[PDB]
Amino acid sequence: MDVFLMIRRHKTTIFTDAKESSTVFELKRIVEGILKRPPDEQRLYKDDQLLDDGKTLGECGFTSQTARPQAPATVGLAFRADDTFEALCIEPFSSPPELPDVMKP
């Protein structure tokens, strides 16, 4: 069972997938190959809840119904700055404009 994710930090988003049975730590290994920071130097978040390295993604609530290719689940990410971790911060996307009147109910 593949689950589809957006890992987000500042103005960065990673589109990737992993098995439901893979661990949060294994996801940190995916991120290490891309962003070049080891697992011990990352916090992964579901909303504002820091996740457990040893839990599976399905156990954290990432599933078929929840993390779909066309509507992936967001995982937050924060790096360690020296001894301390930086605050989880995700810069939002731009806003669409008002709907044209011909396109309204």
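Quick note: we count residues from 1 along the sequence shown, nothing fancier. Here the rigid core means the biggest group of C-alpha atoms that line up within 1.5 Å when the two forms are laid on top of each other.
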| item | value |
| --- | --- |
| Stretch with larger C-alpha RMS deviation in 6 other deposited structures of this protein, core superposed, 63-71 versus 76-84 | 76-84 |
| Mean temperature factor over C-alpha atoms, higher-scoring stretch between 75-83 and 48-56 | 75-83 |
| Position of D40 among the chain's modelled residues by C-alpha B-factor, lowest, middle or highest third | highest |
| Lowest, middle or highest third - CA B-factor, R9 | lowest |
| Ranked against its chain, the third holding the CA B-factor of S95 | highest |
| Chain-relative CA temperature factor third for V102 | middle |
